[PDB]
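**Student:** Begin with these chain(s), straight out of the complex:
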Amino acid sequence: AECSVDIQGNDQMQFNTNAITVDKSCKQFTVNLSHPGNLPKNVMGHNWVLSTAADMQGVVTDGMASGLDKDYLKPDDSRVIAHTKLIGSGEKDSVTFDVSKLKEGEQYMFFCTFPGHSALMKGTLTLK
Amino acid sequence: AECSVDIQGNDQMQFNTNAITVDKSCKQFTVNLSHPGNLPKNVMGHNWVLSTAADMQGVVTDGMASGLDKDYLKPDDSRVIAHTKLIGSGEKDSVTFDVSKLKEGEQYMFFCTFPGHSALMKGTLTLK
C-alpha cells in the first residue's frame, strides 16, 4: 500500500509491526488500524498515536490522566502529530496526516495510550 | 508479617511484587489485595489467583471466557487453590487458605485473570 500502512492491535496487546516507514515522496500518509479479536474497547482498547520519541512519555502520562471518556488522550495535545480513536475488537479507523509535519533526522514513535499498553504496544516511525 | 502478605495491583497493570514465600510453619496464609489508582474494575480490575504453574494458562483462558460477571474466573474451577474477588480502584479484598493445600517441590503462580493482565501481573509463590 503506497503512502499508507495497515496495522493490527490484537487481544494480547500486540501490534503486528514495530516499524513504519513513510516515503518522502508521500504528500500525505495514512495509518489504518484494525483490532482483530473479541475483547471490547474498555478491556482491550487500541488507538494509534504518533509523536517524536521525545514526547512519547508525556503524551502517555497525560493521556492516562484524561481518561476513558477522552480516549485517554489529552485533547488538543500539541505533541500529537496524528492519532486514531480508541477502538475495540472488530472496529477499524484511519488517520491521514501531512508528511511535511515530519523532519528527516528525527525519531518518531507510534503507540497505544490505553493504560499499561505502551509498554508492549510501541514502534518507531521513520521517513525514507 | 510471616503468615500474611499485602499486595497491590496498580493502574499501570502491575503488582508490587512478583514473588511470595510461604513459611511451612504457617497453618493458614492470608493475602490482602488493594487497588491503588483511579481506574474502574471494568477497565483495570485486579484479582489475585493462585494455582500450580502448570494450570495457570487454563485458569487464565477459561477465566477470560467467563466475563466480568464471573470476576474473570470459571465458577468452581478446581485448578484454583485460592482467589480474591475482582477489584476496582479504591477497593480491597482478602483471602486465606490452608498451607496444607500446597506441597514442597511444586511450582505455584499467583496472578490476575483480567484479560491481557497475566502477561505482566504474576509472580511465584513458594513453600519455604
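**Tutor:** Thanks, I have the structure now. Numbers count the residues shown, from 1 in each chain, chains lettered A, B, ... in the order given.
**Student:** Enumerate the residues of chain A near chain B.
**Tutor:** Listed as neighbours of chain B in chain A under the rule CB under 8 Å from any CB of the partner chain: A:11-13, A:39, A:42-44, A:64, A:68, A:115-116, A:119-120. No exception for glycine: its C-beta is placed from N, CA and C like everyone else's.
**Student:** From the residues you listed, which land in helices?
**Tutor:** Within the residues of chain A next to chain B, residues falling in helices by DSSP state H are A:42-44, A:64.
**Student:** Kindly reformat these as TSV containing neighbour count.
**Tutor:** Putting these into TSV (neighbours: other CB atoms under 10 Å in any protein chain shown) gives the following:
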residue	neighbour count
A:42	15
A:43	23
A:44	22
A:64	22
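**Student:** Can you report how many residues lie near the residue of chain A found nearest chain B?
**Tutor:** The minimum distance from chain A to chain B, using CB to the nearest CB, falls at residue A:116 (3.3 Å). Close neighbours of residue A:116, defined as other CB atoms under 10 Å in any protein chain shown, add up to 23.
**Student:** Kindly report the same for residue A:15.
**Tutor:** Using other CB under 10 Å, residue A:15 has 21 neighbouring residues.
**Student:** Assign a three-state SS to residue A:29, would you?
**Tutor:** strand (DSSP: H, G, I helix; E, B strand; the rest coil).
**Student:** Centroid-nearest residue for chain A?
**Tutor:** When CA atoms, centre = their mean is applied to chain A, the residue found nearest the centroid is residue A:48 (2.3 Å).
**Student:** That one contacts residue A:9, correct?
**Tutor:** Yes: between residue A:48 and residue A:9 a contact is recorded at 7.4 Å, counting by CB atoms under 8 Å.
**Student:** between these two, what contacts are shared?
**Tutor:** Both residue A:48 and residue A:9 are in contact with A:33, A:112, where contact means CB atoms under 8 Å, 6 or more residues apart in numbering or on different chains.
**Student:** From residue B:117, how far off is the residue nearest to the centre of chain A?
**Tutor:** In this view, residue A:48 and residue B:117 are 22 Å apart by CB to CB, to the nearest Å.
**Student:** here's chain C, add it to the model above:
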Amino acid sequence: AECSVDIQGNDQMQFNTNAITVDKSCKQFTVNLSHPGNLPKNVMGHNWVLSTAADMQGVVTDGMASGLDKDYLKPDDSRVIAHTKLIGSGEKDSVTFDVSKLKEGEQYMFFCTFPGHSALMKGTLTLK
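**Tutor:** Now chain C, sitting on the chains shown earlier:
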C-alpha cells in the same frame, strides 16, 4: 515462506511477528531467527523456544535458573518442542522440526527465555 518463517528479534525486545501458522501439509517446519541491532548476548539475548501454552511458564522459570552459559534453557527440557541457541546482534540461528510433534486442538506459544524478555517476546503458533 513455504513451510518456514523468518523472524527477527531486535534491540527493543520485540519480535517482528506475533502469530505463526503451520500448515498440516508440511512434513517439517523451519523457523529462521536473526537479531538485527547492535547489542551483545548477555544484554539483549534472543532465542526462539516452542512449547504448549500450558508449558510456557515452567519453561521460562526453569530457563531463568539455567544460567547464561546454558542459554537460559534447562537442558533436556521435555516440554520444549523445538528451540534455537541464544543469539546476540549480528548472529543467526534456525531450527526445523516435524509437524507430527504438534496436534490439532492444542495451543502453542513461541517465546524468548532470556531473563525478563518473555513478557514482551512471545506469540502463538497454530497447526492449521
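**Student:** quick recheck of the neighbour count of residue A:15 now chain C is there?
**Tutor:** Neighbour tally, residue A:15, other CB under 10 Å: 23.
**Student:** next one: residue A:109
**Tutor:** Residue A:109, neighbours per other CB under 10 Å, totals 21.
**Student:** where does chain A come near chain C, residue by residue?
**Tutor:** So far as CB under 8 Å from any CB goes, chain A lies against chain C at A:10, A:12, A:14, A:16-18, A:119-120, A:123.
**Student:** then stretch A:102-122 to CSV, C-alphas only?
**Tutor:** C-alpha atoms of stretch A:102-122 as CSV (Å, rounded to 0.1, in the frame of the first residue of the first chain):
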residue,chain,number,x,y,z
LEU,A,102,7.9,15.2,9.9
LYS,A,103,11.6,16.1,9.6
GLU,A,104,14.2,13.8,8.2
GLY,A,105,16.6,13.1,11.1
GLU,A,106,14.2,13.0,13.9
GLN,A,107,12.9,9.9,15.8
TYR,A,108,9.1,9.3,16.0
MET,A,109,7.1,6.6,17.8
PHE,A,110,3.6,5.2,17.3
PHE,A,111,2.0,3.7,20.3
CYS,A,112,-1.3,2.9,22.2
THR,A,113,-2.3,5.1,25.1
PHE,A,114,-4.7,2.7,26.8
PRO,A,115,-3.2,2.3,30.4
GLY,A,116,-0.3,-0.1,30.7
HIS,A,117,-0.3,-0.9,27.0
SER,A,118,2.5,1.4,25.7
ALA,A,119,5.0,-0.9,27.5
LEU,A,120,4.1,-3.5,24.8
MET,A,121,2.5,-1.6,22.0
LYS,A,122,5.0,0.8,20.6
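**Student:** My guess is residue A:19 contacts residue A:126. True?
**Tutor:** Yes: with contact defined as CB under 8 Å, residue A:19 counts as touching residue A:126 (7.4 Å).
**Student:** residues in contact with residue A:107?
**Tutor:** Applying CB under 8 Å, 6+ apart, we find residue A:107 in contact with A:52-54, A:124, A:126.
**Student:** and if you look at residue A:49?
**Tutor:** Residue A:49 sits next to A:59, A:63, A:73, A:80, A:82-84, A:110-113 when contact means CB under 8 Å, 6+ apart.
**Student:** add chain D to what we have:
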Amino acid sequence: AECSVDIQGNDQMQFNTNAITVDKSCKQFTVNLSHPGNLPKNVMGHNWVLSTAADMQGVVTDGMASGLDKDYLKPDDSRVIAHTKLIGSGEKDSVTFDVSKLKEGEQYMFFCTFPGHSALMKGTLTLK
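**Tutor:** The block that follows adds chain D to the chains above:
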C-alpha cells in the same frame, strides 16, 4: 520515612512502585534501591535514574550507548537530576538529592537504563 522511598527492582525486570511523590517540605530526598533475586548485573542490572519526562528518551538512548562500563549512563549527563549505581542481585544503593532541583508543575520520571528495561521499569515522580 517522609523524605525517602524504598524501591526494589527484581529479576522479572520490574520496580515495586510506579509513582513517587516528593513532599515540598523536604529539603533533601532519598531513593534507596535494592535488588531482590539471584541474576547478575550483566544480565539483569538495575539503576535508578531521574530526569524530566521530556528528557527520559535522551538519557535512555545515550545511556544505552555508554555501556555496562559506565553503568549504562552518559558520564556527566546534564539531564540527569540524580541517579544510583547499576546493581546486580543482593546489592543495594542510595542516592540523596536537593529537592530544589525539582519544580512544581514539571513532570519527572524515574527509570532503569540497562538496555530494554525502561519498557517496564519506569514511573513518575512529582513534587507535591
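**Student:** back to the neighbour count of residue A:109, now that we've got chain D?
**Tutor:** Residue A:109 has 22 neighbours, counted by other CB under 10 Å.
**Student:** In which helix or strand does it reside?
**Tutor:** Take DSSP states H and E as the rule and residue A:109 turns out to sit in strand A:108-111.
**Student:** and the next element down the chain from that strand?
**Tutor:** Following strand A:108-111 toward the C-terminus (DSSP H and E): strand A:122-127.
**Student:** Can you list the strands that that following strand pairs with?
**Tutor:** strand A:19-22 (parallel), strand A:108-111 (antiparallel) (DSSP bridges).
**Student:** which outside residues touch the last one?
**Tutor:** Here strand A:108-111 makes contact (CB under 8 Å, 6+ apart) with A:7, A:15, A:20, A:31, A:48-53, A:56, A:60, A:81, A:102, A:118, A:121-126.
**Student:** Just give me how far stretch A:117-124 sits from the chain centre.
**Tutor:** Distance, stretch centre to chain centre, for stretch A:117-124: 9 Å (CA atoms, centre = their mean, to the nearest Å).
**Student:** Specify the local secondary structure of residue A:51.
**Tutor:** strand.
**Student:** ok, what's across the strand from it?
**Tutor:** Applying DSSP bridges, one finds that residue A:51 bridges with residue A:109.
**Student:** Quick check: it vs residue A:77, distance?
**Tutor:** As for residue A:51, its distance to residue A:77 is 8 Å (criterion: CB to CB).
**Student:** These two: which is more packed in?
**Tutor:** The residue with more neighbours, out of residue A:51 and residue A:77, is residue A:51; 23 against 17, by other CB under 10 Å.
**Student:** For that one, give me its contacts.
**Tutor:** Contacts of residue A:51 (CB under 8 Å, 6+ apart): A:59, A:79-81, A:108-109.
**Student:** and residue A:70, what does it touch?
**Tutor:** With CB under 8 Å, 6+ apart, residue A:70 has these contacts: residue A:63.
**Student:** what's it sitting at in phi/psi?
**Tutor:** Dihedral pair for residue A:70: phi -110, psi 10, per degrees, to the nearest 10.
**Student:** Against residue C:102, how distant is residue A:98?
**Tutor:** Taking CB to CB, one finds residue A:98 at 48 Å from residue C:102.
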